[PDB]
Amino acid sequence: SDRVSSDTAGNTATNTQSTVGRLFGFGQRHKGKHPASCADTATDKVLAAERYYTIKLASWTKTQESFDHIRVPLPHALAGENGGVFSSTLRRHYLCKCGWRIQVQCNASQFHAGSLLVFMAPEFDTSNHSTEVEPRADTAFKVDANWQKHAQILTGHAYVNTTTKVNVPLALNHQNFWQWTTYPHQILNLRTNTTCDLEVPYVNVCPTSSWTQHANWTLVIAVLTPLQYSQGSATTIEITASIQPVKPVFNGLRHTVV
Amino acid sequence: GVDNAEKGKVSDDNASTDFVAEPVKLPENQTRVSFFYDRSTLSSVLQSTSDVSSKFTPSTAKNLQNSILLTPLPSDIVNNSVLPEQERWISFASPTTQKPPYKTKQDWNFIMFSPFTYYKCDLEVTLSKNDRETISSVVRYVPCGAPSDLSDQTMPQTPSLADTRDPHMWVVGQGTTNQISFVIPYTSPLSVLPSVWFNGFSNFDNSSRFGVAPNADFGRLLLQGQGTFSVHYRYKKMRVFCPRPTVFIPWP
Amino acid sequence: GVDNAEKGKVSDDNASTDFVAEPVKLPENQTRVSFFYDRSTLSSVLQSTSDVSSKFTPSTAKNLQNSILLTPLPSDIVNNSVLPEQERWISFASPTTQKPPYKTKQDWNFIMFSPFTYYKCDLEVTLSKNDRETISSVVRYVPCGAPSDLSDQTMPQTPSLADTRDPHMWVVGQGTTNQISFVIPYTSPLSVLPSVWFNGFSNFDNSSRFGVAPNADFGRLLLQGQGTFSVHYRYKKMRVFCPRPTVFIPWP
Amino acid sequence: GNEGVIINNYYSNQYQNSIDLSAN
Amino acid sequence: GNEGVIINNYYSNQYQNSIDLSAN
Amino acid sequence: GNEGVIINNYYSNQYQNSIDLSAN
Amino acid sequence: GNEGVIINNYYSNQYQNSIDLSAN
Amino acid sequence: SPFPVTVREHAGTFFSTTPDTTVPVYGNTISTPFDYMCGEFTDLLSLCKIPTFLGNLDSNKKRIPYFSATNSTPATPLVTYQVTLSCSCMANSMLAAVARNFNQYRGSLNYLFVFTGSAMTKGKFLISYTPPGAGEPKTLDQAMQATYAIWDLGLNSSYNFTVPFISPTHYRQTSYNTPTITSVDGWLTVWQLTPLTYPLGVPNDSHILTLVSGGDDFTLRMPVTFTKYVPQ
Amino acid sequence: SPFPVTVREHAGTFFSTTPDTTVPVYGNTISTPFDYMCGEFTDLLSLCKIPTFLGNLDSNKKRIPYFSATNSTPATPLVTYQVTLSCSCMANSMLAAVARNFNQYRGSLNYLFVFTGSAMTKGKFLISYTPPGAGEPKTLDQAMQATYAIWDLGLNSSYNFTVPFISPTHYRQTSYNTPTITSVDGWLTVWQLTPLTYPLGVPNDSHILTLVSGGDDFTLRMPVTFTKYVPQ
């Protein structure tokens, strides 16, 4: 009952009956102040853009191992048509600045076992690691379609051919997942909770973002404990997410992209 | 006692929570970020075979250039760039041994321990000659993203590097102690610098090397005069943001 | 908004004049004339093959004299003058290459960027030996327009340049650091110096070289002792008057 | 951290350190 | 511009700098 | 013992000497 | 005799000079 | 007694930018009076704010301080300037000449256009500033989608257009090797909204002078030396 | 008049850790504003207190962030961690990563266990911390003889266990060549008190996540560099 929580955002509302609270990364919220690096008065407080956008993320099966994960580049994950007015406004602006409030959903039963780590990370590598090809605009910022394995990111992944890889011991896109818990996060333990609630402020190398070139935040869902269940229990276990851009700011109005 | 890690945060306990014990804390402040990074660590090496009174021309010799990019992150000549640029990975200098030295320049202590996503600081640089032969050298410091000006001498027998208003240093003689040190302010147009990765491109057609931020450095150092010089960085008034994972270490 | 450039002056606007915007200014004072010019820039080079204890005699060797005229503007031996004089133009040292070095001495940074017609300042001079052989040199500073006194030694085995009450410097030994620096006050009889052109003659029969002002310099430096020495100028308490065009730059 | 000299810095604070300024 | 030492100049001002004087 | 300089130490006391502290 | 420095001795008097003491 | 000293590791080093002075060898000297002087200025920024000419290309690829317009409305911009103090079109303006000696800038840019056609000539231009991210504007429809002002000819001859400082970073680079998101900031394009219109006996081509300078809140910082070149 | 100086015997020495500054060559420069930033932290201790994962061995000798328990009570501990910030099991935790850069530590250590089995699974564990001197505890009888807490599964999923700082010395070494009484401090072992118990249709193996971090009164001191290695 203290675990029943409702959250309104524009014309949308998330509801959960097993919340463990909302974690505020860095104990900060994006307040929506205009970037001091822009002279043009920003476009803001667009109610049609300050809502939750819900999307399906993945299917969790017994084959996923600890640290296999799924990445959701932001704001790009919502820069497509399904991003509604946030997207259509974003595409027509040079710069955007915002925070994120997110809830990832995933229910099992009292007879299933397993757990996920739900976290937000700034400057978290979202490029593909199954190839030695340089990441490009249309491949670097895409939501993972398949679970990513973990071994090849511990020391990073150089965009060089397999034989050169031998003489490259470390790449700057390395991610020591044993410490992924140092990022603002929550754990989705099947026996405890079917939802995780996070919120992070705006962080970047600069006042506002030229988003077309940079996915500054990444929502990541990684399994910590493999999914387990006995013969007879529901086999389809899926993961979903409600993503809300917090008080976004737009500057530099222009014609649309693509 | 019991708790719930799914909250994303659990209490920091001491022995008194579950047992008959007392807190045992003693004051200590050597863990402060400012204090920790406020010390000099080897971060680069430079080599020149040109005299002081000559035209500076970019060169490489066994993985050592006569100029460096001021950044704790790995840097090196990238895809035949004229001057070194920030790298995205480290490589062994040797094509066979699979053991260091690396061909890339960096502050190993920073790369191996930078549990933050962004940092801000001033940079204290120390340049030291590797042998005892009397030093005779000229160094030019170029602010972050400023013109390198790799031009000809405008006057005969003068060090082209000194032909600038950019901050430069000239040390020579029997009375000197073969080193140079100075501190430069943060000069990047970025508010804070990415300490490990930059999840994006640096130009508008997204054709740059993904992973490297635009102008994420403290400028460059160009050198002329004979010798091999080691470089140290010391991070003044250091400030870090957003905790993140450290480099992984092989399991014992 | 609309305006009329024919007035000879139009307003300095910010984004708020025509659009829904705010001023975005941040304090900054590195553009002050005093601060900008208050740094050392290479401005000359000197060479001598005579020992300290000998009679100073004007010489030239591959475009380098053993004395200089203290002025940021180009200077060189003009029409076989005994000592260098202010030039009215810059020439390549080489008769073929059509590339620098130039045979003329000047502060390239000043020539390339002097958006004013007149200037006033004190001069901080730095003289550095181009190699590490122990220095043994004597320099004589002669105020603007004062007698050069290129006389014989009055006593055997003494540096003739030191045989004066004019300010002079003597550096020598294993404990020195092969350089000299000092600051001299503005000494020209002119109230302010012309920074680029002087539209007139310097004597009464108008026979001098049109374009060069009379006594428009900070004096001269004569040197004896072995070696090649580079010179730097630093403009103290710099003051400039009457804005004017900068040197043209070829279209990209 | 790591400055422990009791006499004041010879170079003024504006020069010894970069100047911190808030844009808001 | 470009002087940032907090302790006063060792040489007096008359000597360190030329003396500025108005003729009127 | 064995310190006889009248002007104060250039490095602060925290840095010049280890810091003595009582655990009780 | 023969000491003519106006700033005080850097080393304390106990150390710079032997200590004069009367036995009575 | 003598003072004990610790000679630092940089002994004998000549720092070209140390904020300290050196030894005066001819002191107690009066600087020749100049109180009668006029025209003194103390900040180089003053220069940056003086509008000076942009170099536009001739039909013969010769540089001129103006562009042409006539009785028609092209589907493409009459002129296009990339906002960079590095733009070749402004290479010889005082603004660029000064900026070449500094590392970064911030603030407004003023693009001044002066109509030089006859008094009987009328017309309207649409001056647009397009921030980057989606490339250069290809049509009037796109150019109007960004920051713009409509300039109507008439009694007043010139139009003072401001390129607002819109940037992800507080400061931007004045030059670069390859364009980056911190050194290139979009485009200023001027379009013909309505055709230049006029009566008989009036030359078909009107010339519009083009100048640039820093705006009210424009600043530069970090004294540096630009890439040297051989004058010609 | 010039001041007499006594040049000390260490003239020209470069001290990497002198608590003094050097010569500023580009002063009066504004550090690009960053007041909009969030997430700043000023003490590395903050990191040490964030619970991160311990690496337990798989049945195939692969490293995993948890251990297994089932319907039985082994006569031996399910996991054993030697209390040393050097323990290989915590080699990749943030606590160890930070500690590798300091010489000594003092204070509490928090070992966090998160039960990930089904909601229908019950059971009790006995988490014990055995100080050294008499070797590792060989039986439950011995393990209970030292500092311990009984963890009962239920509504709350995790158990925050504290290894009290019990030491002959005020500070302890973070690493060592050979174990000494100042660098190795005993063992943390978790035993199955009652078997994990559950109904039909529930997998027999339950996974318990294991994490470590410094406690409330935990501190580190003396910045140092750890033994270098080649990443792989």
Side-chain angles (χ1 to χ4, degrees), chain A residues 20-21 23 25-26 37 73 115 118-119 121-127 134-137 140-141 154-160 164 166-180 182-189 192-193 196 198 203-207 210 212-216 218, chain B residues 4-9 73-74 86-100 102-104 111-112 115 117-118 188-216 241-250:
Chain A
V20 288
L23 183 131
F26 317 140
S37 59
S115 59
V118 179
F119 69 91
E123 311 306 348
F124 187 91
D125 185 18
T126 56
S127 64
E134 281 292 336
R136 260 326 112 225
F141 309 129
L154 269 182
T155 54
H157 175 286
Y159 311 117
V160 77
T164 306
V166 181
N167 296 310
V168 177
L170 184 67
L172 294 181
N173 64 34
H174 66 79
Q175 274 296 327
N176 182 356
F177 45 79
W178 294 94
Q179 305 173 182
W180 271 352
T182 79
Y183 282 123
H185 71 281
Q186 274 203 164
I187 291 179
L188 198 156
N189 193 0
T192 306
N193 63 347
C196 281
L198 271 45
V203 299
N204 203 358
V205 296
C206 50
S210 183
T212 39
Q213 284 60 238
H214 182 34
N216 71 318
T218 302
Chain B
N4 294 84
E6 29 277 284
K7 277 149 46 199
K9 178 189 172 191
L73 282 56
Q86 193 211 118
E87 258 295 1
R88 287 174 297 178
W89 49 76
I90 296 175
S91 304
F92 300 110
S94 168
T96 323
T97 69
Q98 283 161 54
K99 304 247 68 175
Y102 300 108
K103 70 205 296 172
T104 196
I111 284 61
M112 288 300 107
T117 309
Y118 309 103
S188 173
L190 303 178
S191 292
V192 296
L193 301 168
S195 54
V196 186
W197 190 248
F198 173 72
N199 201 55
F201 302 96
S202 61
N203 46 33
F204 293 113
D205 65 339
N206 291 326
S207 64
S208 65
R209 292 177 296 129
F210 183 86
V212 179
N215 297 129
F241 312 79
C242 316
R244 63 145 289 163
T246 263
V247 175
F248 168 86
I249 186 172

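Order of the sequence lines fixes the chain letters, A, B, ..., with proteins taken first and strands second; residue numbering starts at 1 for each chain. Only heavy atoms go into these numbers, but all of them, side chains included; no hydrogens, no water, no symmetry mates.
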The ring pair (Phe, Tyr, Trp, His ring centres under 6.0 Å) partner of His214(A) among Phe198(B), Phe204(B), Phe210(B) is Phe198(B)
Under a 4.5 Å cutoff for heavy-atom pairs, which residue among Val203(A), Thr164(A), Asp125(A) has the most contacts with chain B?
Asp125(A)
Pick whichever of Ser127(A), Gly21(A), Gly156(A) has the most heavy-atom pairs under 4.5 Å with chain B.
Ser127(A)
Ignoring hydrogens and angles, tell me if any N or O in the side chain of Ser210(A) forms a donor-acceptor pair with the backbone of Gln213(A) under 3.5 Å.
no
Would a distance-only check, ignoring hydrogens and angles, find a side-chain to backbone donor-acceptor pair under 3.5 Å from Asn199(B) to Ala215(A)?
yes
Would you name the heavy atoms of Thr246(B) and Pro115(B) that are closest together and state the gap between them?
OG1-CB, 3.9 Å
Atom group of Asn173(A) that falls short of 4.5 Å from chain B, counting heavy atoms:
both
Nearest atoms (heavy-atom pairs only) where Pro169(A) meets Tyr102(B)
CG-CE2, 3.9 Å
Winner by heavy-atom pair count (cut-off under 4.5 Å) against chain A, out of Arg209(B), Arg244(B), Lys9(B)
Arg244(B)
Pick from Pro189(B), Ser208(B), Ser188(B), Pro214(B): which one has the most heavy-atom pairs with chain A under 4.5 Å?
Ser208(B)
Among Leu172(A), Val20(A), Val160(A), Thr218(A), who wins on heavy-atom pairs under 4.5 Å with chain B?
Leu172(A)
Any donor and acceptor pair, going by atom type alone, linking the side chain of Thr117(B) with main-chain N or O of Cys242(B) inside 3.5 Å?
yes
Measuring heavy-atom distances to chain B, does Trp180(A) have an atom under 4.5 Å in its side chain, in its backbone, in both, or in neither?
both
With chain B, which of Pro184(A), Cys206(A), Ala140(A), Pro122(A) has the greatest number of heavy-atom pairs at distances under 4.5 Å?
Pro122(A)
Examine whether an atom of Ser115(A) lies under 4.5 Å from a heavy atom of chain B, and if so say whether it belongs to the side chain, the backbone or both; otherwise answer neither.
neither
Quick one: which of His185(A), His157(A), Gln175(A), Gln179(A) has the most heavy-atom pairs under 4.5 Å with chain B, could you say?
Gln179(A)
Per-residue contact mode, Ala5(B) against chain A (heavy atom under 4.5 angstrom):
both
Under a 4.5 Å heavy-atom cutoff, which of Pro194(B), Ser202(B), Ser207(B), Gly211(B) has the most pairs with chain A?
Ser207(B)
Does a side-chain heavy-atom distance below 4.5 Å link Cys196(A) with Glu6(B)?
no
Below 4.5 Å from any heavy atom of chain B, which atoms of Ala137(A) appear? Answer side chain, backbone, both or neither.
both
Answer with side chain, backbone, both or neither: which region of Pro207(A) has an atom nearer than 4.5 Å to a non-hydrogen atom of chain B?
both
Go through the atoms of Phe124(A) and report whether side chain, backbone, both or neither lie under 4.5 Å from a heavy atom of chain B.
backbone
Could you check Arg88(B) against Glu134(A) for salt bridge (charged side-chain N to carboxylate O under 4.0 Å, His left out), going step by step and ending with a plain yes or no?
CA-CA 12 Å; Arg88(B) 287 174 297 178; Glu134(A) 281 292 336; 2.7 Å; yes
Give me the atom names and distance for the closest heavy-atom approach of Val168(A) to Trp89(B).
CG1-CB, 3.7 Å
Selection from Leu198(A), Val118(A), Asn204(A), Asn216(A) maximising heavy-atom pairs under 4.5 Å formed with chain B:
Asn204(A)
Greatest number of heavy atom pairs closer than 4.5 Å to chain A - which of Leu190(B), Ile90(B), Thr104(B), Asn4(B):
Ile90(B)
Hey, are the side chains of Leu193(B) and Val205(A) touching, using non-hydrogen atoms and a 4.5 Å cut-off?
no
When the ring centroid of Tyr183(A) is compared with that of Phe119(A), is the distance short of 6.0 Å?
yes
Heavy-atom cut-off 4.5 Å, strictly under: side chain, backbone, both or neither for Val166(A) against chain B?
both
